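Quick look at start.pdb (PDB, C-alpha atoms):
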ATOM      1  CA  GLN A   1      77.127  93.425  94.760
ATOM      2  CA  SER A   2      77.684  97.001  93.525
ATOM      3  CA  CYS A   3      80.833  99.095  94.113
ATOM      4  CA  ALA A   4      79.993 100.690  97.482
ATOM      5  CA  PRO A   5      78.526  98.182 100.031
ATOM      6  CA  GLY A   6      81.549  98.248 102.375
ATOM      7  CA  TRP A   7      83.707  98.946  99.297
ATOM      8  CA  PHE A   8      85.966 102.050  99.369
ATOM      9  CA  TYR A   9      85.781 104.316  96.288
ATOM     10  CA  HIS A  10      89.387 105.462  95.634
ATOM     11  CA  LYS A  11      90.728 107.109  92.450
ATOM     12  CA  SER A  12      87.182 106.936  91.067
ATOM     13  CA  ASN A  13      87.822 103.154  90.696
ATOM     14  CA  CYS A  14      86.994 100.160  92.947
ATOM     15  CA  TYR A  15      89.869  98.213  94.562
ATOM     16  CA  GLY A  16      90.168  96.020  97.688
ATOM     17  CA  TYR A  17      92.804  93.908  99.490
ATOM     18  CA  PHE A  18      92.202  90.259 100.530
ATOM     19  CA  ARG A  19      93.945  88.638 103.521
ATOM     20  CA  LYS A  20      93.721  85.087 102.082
ATOM     21  CA  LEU A  21      96.640  82.824 101.113
ATOM     22  CA  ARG A  22      96.148  82.137  97.380
ATOM     23  CA  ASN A  23      98.791  81.404  94.716
ATOM     24  CA  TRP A  24      99.283  84.116  92.070
ATOM     25  CA  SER A  25      97.617  81.766  89.550
ATOM     26  CA  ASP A  26      94.442  81.412  91.640
ATOM     27  CA  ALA A  27      94.760  85.037  92.786
ATOM     28  CA  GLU A  28      94.819  86.591  89.295
ATOM     29  CA  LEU A  29      92.266  84.122  87.878
ATOM     30  CA  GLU A  30      90.015  85.128  90.795
ATOM     31  CA  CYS A  31      90.163  88.723  89.478
ATOM     32  CA  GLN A  32      89.778  88.429  85.681
ATOM     33  CA  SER A  33      86.897  86.137  86.685
ATOM     34  CA  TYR A  34      84.766  89.310  86.599
ATOM     35  CA  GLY A  35      85.812  89.815  82.953
ATOM     36  CA  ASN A  36      85.522  93.520  83.848
ATOM     37  CA  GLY A  37      89.287  93.704  83.305
ATOM     38  CA  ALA A  38      89.885  92.939  86.993
ATOM     39  CA  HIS A  39      93.524  91.985  87.683
ATOM     40  CA  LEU A  40      96.287  92.242  90.317
ATOM     41  CA  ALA A  41      97.391  95.801  91.229
ATOM     42  CA  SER A  42      98.791  97.411  88.040
ATOM     43  CA  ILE A  43     101.733  99.860  88.363
ATOM     44  CA  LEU A  44     103.329 101.728  85.414
ATOM     45  CA  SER A  45     104.947 104.509  87.488
ATOM     46  CA  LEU A  46     105.993 105.223  91.096
ATOM     47  CA  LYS A  47     103.346 107.985  91.275
ATOM     48  CA  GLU A  48     100.590 105.336  91.419
ATOM     49  CA  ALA A  49     102.407 103.035  93.871
ATOM     50  CA  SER A  50     103.219 106.102  96.008
ATOM     51  CA  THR A  51      99.511 106.796  96.688
ATOM     52  CA  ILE A  52      98.299 103.192  97.046
ATOM     53  CA  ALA A  53     101.387 102.345  99.122
ATOM     54  CA  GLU A  54     100.419 105.095 101.572
ATOM     55  CA  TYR A  55      97.270 103.005 102.129
ATOM     56  CA  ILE A  56      98.547  99.385 101.893
ATOM     57  CA  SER A  57     102.004 100.464 103.230
ATOM     58  CA  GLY A  58     101.318  98.331 106.346
ATOM     59  CA  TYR A  59     104.246 100.000 108.188
ATOM     60  CA  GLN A  60     102.312  98.899 111.304
ATOM     61  CA  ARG A  61     101.928  95.374 109.886
ATOM     62  CA  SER A  62     103.590  94.973 106.461
ATOM     63  CA  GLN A  63     102.046  91.822 104.908
ATOM     64  CA  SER A  64     103.236  89.967 101.782
ATOM     65  CA  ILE A  65     100.973  91.409  99.035
ATOM     66  CA  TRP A  66     101.239  90.415  95.346
ATOM     67  CA  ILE A  67     101.000  92.839  92.389
ATOM     68  CA  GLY A  68     100.459  92.377  88.620
ATOM     69  CA  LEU A  69     104.194  91.897  87.837
ATOM     70  CA  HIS A  70     105.441  88.753  86.036
ATOM     71  CA  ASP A  71     107.970  87.538  83.429
ATOM     72  CA  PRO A  72     106.980  86.889  79.749
ATOM     73  CA  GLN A  73     108.566  83.603  78.563
ATOM     74  CA  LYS A  74     111.924  83.670  80.400
ATOM     75  CA  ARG A  75     113.166  86.620  78.294
ATOM     76  CA  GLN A  76     114.621  88.351  81.381
ATOM     77  CA  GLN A  77     112.061  91.184  81.129
ATOM     78  CA  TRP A  78     109.666  92.431  83.831
ATOM     79  CA  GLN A  79     106.231  93.506  82.512
ATOM     80  CA  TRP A  80     102.682  93.747  83.915
ATOM     81  CA  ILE A  81      99.563  91.914  82.700
ATOM     82  CA  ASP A  82      98.497  94.691  80.300
ATOM     83  CA  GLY A  83     102.124  94.475  79.141
ATOM     84  CA  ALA A  84     102.785  97.814  80.872
ATOM     85  CA  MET A  85     106.434  98.870  80.301
ATOM     86  CA  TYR A  86     108.170 100.774  83.124
ATOM     87  CA  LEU A  87     110.672 103.298  81.689
ATOM     88  CA  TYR A  88     113.987 103.065  83.565
ATOM     89  CA  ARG A  89     112.947 101.625  86.949
ATOM     90  CA  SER A  90     114.735 102.690  90.157
ATOM     91  CA  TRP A  91     117.429 100.199  91.266
ATOM     92  CA  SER A  92     119.715 101.023  94.210
ATOM     93  CA  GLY A  93     120.095  99.111  97.502
ATOM     94  CA  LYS A  94     117.814  96.284  96.298
ATOM     95  CA  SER A  95     117.933  93.190  94.043
ATOM     96  CA  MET A  96     115.070  92.019  91.798
ATOM     97  CA  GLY A  97     116.743  88.605  91.372
ATOM     98  CA  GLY A  98     114.767  88.029  88.140
ATOM     99  CA  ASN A  99     111.110  88.128  89.279
ATOM    100  CA  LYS A 100     111.238  84.390  88.362
ATOM    101  CA  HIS A 101     107.647  83.505  87.360
ATOM    102  CA  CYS A 102     106.092  86.037  89.767
ATOM    103  CA  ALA A 103     107.455  88.933  91.872
ATOM    104  CA  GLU A 104     106.095  89.937  95.302
ATOM    105  CA  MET A 105     106.978  92.038  98.377
ATOM    106  CA  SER A 106     109.006  90.126 100.991
ATOM    107  CA  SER A 107     107.548  90.553 104.498
ATOM    108  CA  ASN A 108     111.147  90.507 105.780
ATOM    109  CA  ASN A 109     111.932  93.792 103.989
ATOM    110  CA  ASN A 110     110.366  96.674 105.952
ATOM    111  CA  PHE A 111     110.878  98.959 102.927
ATOM    112  CA  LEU A 112     108.398  96.772 101.012
ATOM    113  CA  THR A 113     111.213  95.647  98.681
ATOM    114  CA  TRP A 114     110.231  93.395  95.748
ATOM    115  CA  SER A 115     111.405  89.752  95.562
ATOM    116  CA  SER A 116     111.231  86.983  92.929
ATOM    117  CA  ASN A 117     109.124  83.904  93.780
ATOM    118  CA  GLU A 118     107.372  81.042  91.951
ATOM    119  CA  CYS A 119     103.720  81.662  91.008
ATOM    120  CA  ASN A 120     102.840  78.781  93.392
ATOM    121  CA  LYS A 121     103.418  80.398  96.820
ATOM    122  CA  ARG A 122      99.968  80.926  98.385
ATOM    123  CA  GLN A 123     100.045  84.418  99.947
ATOM    124  CA  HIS A 124      97.846  87.531 100.307
ATOM    125  CA  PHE A 125      97.011  89.463  97.115
ATOM    126  CA  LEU A 126      95.483  92.842  96.124
ATOM    127  CA  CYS A 127      92.990  93.073  93.215
ATOM    128  CA  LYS A 128      91.908  96.102  91.130
ATOM    129  CA  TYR A 129      88.756  96.820  89.059
ATOM    130  CA  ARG A 130      88.255  99.349  86.225
ATOM    131  CA  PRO A 131      84.959 101.383  86.250
TER     132      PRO A 131
END
Translate the structure described by the file into structure tokens.
Amino acid sequence: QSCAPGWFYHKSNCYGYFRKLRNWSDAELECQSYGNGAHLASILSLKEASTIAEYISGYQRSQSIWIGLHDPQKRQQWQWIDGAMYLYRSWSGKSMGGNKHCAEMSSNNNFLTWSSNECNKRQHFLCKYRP
């Protein structure tokens, strides 16, 4: 039940991926359920995604993993749960589409490109926990 039994300690924090098909609504709720501030992978800069991606990259088996990226109230703005605000995101050779109600990585894109989808598509999801 602690952060170690089979759990991997990375970045001094505890995080783990789940290969279960769960909608973003049941996926995120399953995280904050710990009330420890647990939520879907949070990314404010490419530096963080660059290190975690090296682990979940999946170049040998890229799976559709969800992250903590969603739209506010249809204001055409992409923000994370904590309201994280990315400053000038990279955009070249890809298309966000609008992130609709929830954005995720399409398994068809080998470059792990992001894609907009409804928060009702049951798919894999990665969770994060703050120490």
I would like the residues chosen by the PyMOL selection byres ((chain A and resi 17) around 6) on the shown file; could you give them as a PDB file with C-alpha atoms, in the frame of the given file?
ATOM      1  CA  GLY A  16      90.168  96.020  97.688  1.00  0.00           C
ATOM      2  CA  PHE A  18      92.202  90.259 100.530  1.00  0.00           C
ATOM      3  CA  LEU A 126      95.483  92.842  96.124  1.00  0.00           C
TER       4      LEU A 126
END
- One decimal, Å: what's the distance from CA of residue 94 in chain A over to CA of residue 20 in chain A, could you say? 27.2 Å
Running the PyMOL selection byres ((chain A and resi 119) around 8) on this model by hand, what would come out? Give it as a PDB file with C-alpha atoms, keeping the file's coordinate frame.
ATOM      1  CA  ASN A  23      98.791  81.404  94.716  1.00  0.00           C
ATOM      2  CA  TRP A  24      99.283  84.116  92.070  1.00  0.00           C
ATOM      3  CA  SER A  25      97.617  81.766  89.550  1.00  0.00           C
ATOM      4  CA  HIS A 101     107.647  83.505  87.360  1.00  0.00           C
ATOM      5  CA  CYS A 102     106.092  86.037  89.767  1.00  0.00           C
ATOM      6  CA  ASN A 117     109.124  83.904  93.780  1.00  0.00           C
ATOM      7  CA  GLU A 118     107.372  81.042  91.951  1.00  0.00           C
ATOM      8  CA  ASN A 120     102.840  78.781  93.392  1.00  0.00           C
ATOM      9  CA  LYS A 121     103.418  80.398  96.820  1.00  0.00           C
TER      10      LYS A 121
END
- Query: Pick the closest to residue 69 in chain A from A:51, A:13, A:115, A:57: which is it, counting all atoms listed in the file?
  - Reply: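 Once distances to residue 69 in chain A are computed over all atoms listed in the file, the minimum belongs to A:115.
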Calculate, to one decimal in Å, the centre and edge lengths of the box along x, y and z of the file that holds all listed atoms of range 83-87 of chain A with 3 Å of margin on each side, and present them as AutoDock Vina command-line options.
--center_x 106.4 --center_y 98.9 --center_z 81.1 --size_x 14.5 --size_y 14.8 --size_z 10.0
- Task: Tell me which of A:129, A:15, A:66, A:9 sits closest to residue 37 in chain A, counting all atoms listed in the file.
- Result: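 Closest to residue 37 in chain A of all the choices is A:129.
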- Result set of the PyMOL selection byres ((chain A and resi 27) around 9) on the coordinates above, as a PyMOL selection string: chain A and resi 21-26+28-31+39-40+66+122-127
File of the preceding selection, C-alpha atoms, as a PDB file, in the frame of the given file:
ATOM      1  CA  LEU A  21      96.640  82.824 101.113  1.00  0.00           C
ATOM      2  CA  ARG A  22      96.148  82.137  97.380  1.00  0.00           C
ATOM      3  CA  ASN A  23      98.791  81.404  94.716  1.00  0.00           C
ATOM      4  CA  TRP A  24      99.283  84.116  92.070  1.00  0.00           C
ATOM      5  CA  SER A  25      97.617  81.766  89.550  1.00  0.00           C
ATOM      6  CA  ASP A  26      94.442  81.412  91.640  1.00  0.00           C
ATOM      7  CA  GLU A  28      94.819  86.591  89.295  1.00  0.00           C
ATOM      8  CA  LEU A  29      92.266  84.122  87.878  1.00  0.00           C
ATOM      9  CA  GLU A  30      90.015  85.128  90.795  1.00  0.00           C
ATOM     10  CA  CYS A  31      90.163  88.723  89.478  1.00  0.00           C
ATOM     11  CA  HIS A  39      93.524  91.985  87.683  1.00  0.00           C
ATOM     12  CA  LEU A  40      96.287  92.242  90.317  1.00  0.00           C
ATOM     13  CA  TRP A  66     101.239  90.415  95.346  1.00  0.00           C
ATOM     14  CA  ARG A 122      99.968  80.926  98.385  1.00  0.00           C
ATOM     15  CA  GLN A 123     100.045  84.418  99.947  1.00  0.00           C
ATOM     16  CA  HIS A 124      97.846  87.531 100.307  1.00  0.00           C
ATOM     17  CA  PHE A 125      97.011  89.463  97.115  1.00  0.00           C
ATOM     18  CA  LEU A 126      95.483  92.842  96.124  1.00  0.00           C
ATOM     19  CA  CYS A 127      92.990  93.073  93.215  1.00  0.00           C
TER      20      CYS A 127
END
Output as a compact mmCIF listing (two decimals), in the frame of the given file: range 44-65 of chain A, completed with N, CA, C and O atoms.
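The resulting file, part_34.txt, is shown below:
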# COMPACT_ATOMS: atom_id res chain seq x y z
N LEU A 44 102.47 101.33 86.58
CA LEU A 44 103.33 101.73 85.41
C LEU A 44 104.31 102.81 85.87
O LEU A 44 105.30 103.09 85.23
N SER A 45 104.03 103.44 86.99
CA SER A 45 104.95 104.51 87.49
C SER A 45 104.95 104.52 89.02
O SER A 45 104.08 103.96 89.66
N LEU A 46 105.92 105.16 89.61
CA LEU A 46 105.99 105.22 91.10
C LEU A 46 104.88 106.14 91.62
O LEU A 46 104.43 106.01 92.75
N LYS A 47 104.43 107.06 90.82
CA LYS A 47 103.35 107.98 91.28
C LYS A 47 102.13 107.18 91.73
O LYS A 47 101.51 107.49 92.73
N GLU A 48 101.77 106.15 91.01
CA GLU A 48 100.59 105.34 91.42
C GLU A 48 100.93 104.54 92.68
O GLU A 48 100.20 104.57 93.66
N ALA A 49 102.02 103.83 92.67
CA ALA A 49 102.41 103.04 93.87
C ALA A 49 102.58 103.96 95.08
O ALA A 49 102.33 103.57 96.20
N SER A 50 103.01 105.17 94.87
CA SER A 50 103.22 106.10 96.01
C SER A 50 101.89 106.37 96.73
O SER A 50 101.85 106.45 97.95
N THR A 51 100.82 106.52 96.01
CA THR A 51 99.51 106.80 96.69
C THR A 51 98.93 105.51 97.28
O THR A 51 98.54 105.46 98.43
N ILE A 52 98.86 104.46 96.51
CA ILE A 52 98.30 103.19 97.05
C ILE A 52 99.18 102.71 98.20
O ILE A 52 98.69 102.27 99.22
N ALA A 53 100.47 102.79 98.04
CA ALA A 53 101.39 102.34 99.12
C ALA A 53 101.06 103.08 100.41
O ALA A 53 101.07 102.51 101.48
N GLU A 54 100.75 104.35 100.33
CA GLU A 54 100.42 105.10 101.57
C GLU A 54 99.26 104.39 102.27
O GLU A 54 99.13 104.43 103.47
N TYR A 55 98.42 103.73 101.51
CA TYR A 55 97.27 103.00 102.13
C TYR A 55 97.69 101.58 102.52
O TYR A 55 97.59 101.19 103.66
N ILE A 56 98.14 100.79 101.58
CA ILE A 56 98.55 99.38 101.89
C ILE A 56 99.96 99.33 102.48
O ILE A 56 100.48 98.26 102.75
N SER A 57 100.61 100.46 102.67
CA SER A 57 102.00 100.46 103.23
C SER A 57 102.14 99.40 104.33
O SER A 57 103.03 98.58 104.30
N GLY A 58 101.24 99.38 105.28
CA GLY A 58 101.32 98.33 106.35
C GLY A 58 102.52 98.57 107.27
O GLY A 58 102.96 97.66 107.96
N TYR A 59 103.07 99.75 107.30
CA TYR A 59 104.25 100.00 108.19
C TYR A 59 103.93 99.47 109.59
O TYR A 59 104.82 99.10 110.34
N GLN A 60 102.68 99.42 109.96
CA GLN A 60 102.31 98.90 111.30
C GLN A 60 102.22 97.37 111.23
O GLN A 60 102.33 96.68 112.22
N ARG A 61 102.02 96.85 110.05
CA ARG A 61 101.93 95.37 109.89
C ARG A 61 102.13 95.04 108.40
O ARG A 61 101.22 94.61 107.72
N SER A 62 103.32 95.25 107.90
CA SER A 62 103.59 94.97 106.46
C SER A 62 103.32 93.50 106.15
O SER A 62 103.97 92.61 106.67
N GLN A 63 102.37 93.23 105.29
CA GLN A 63 102.05 91.82 104.91
C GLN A 63 102.58 91.54 103.50
O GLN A 63 102.85 92.45 102.74
N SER A 64 102.72 90.30 103.15
CA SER A 64 103.24 89.97 101.78
C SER A 64 102.09 90.10 100.77
O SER A 64 101.25 89.24 100.65
N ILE A 65 102.06 91.19 100.04
CA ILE A 65 100.97 91.41 99.04
C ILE A 65 101.54 91.23 97.62
O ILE A 65 102.65 91.63 97.33
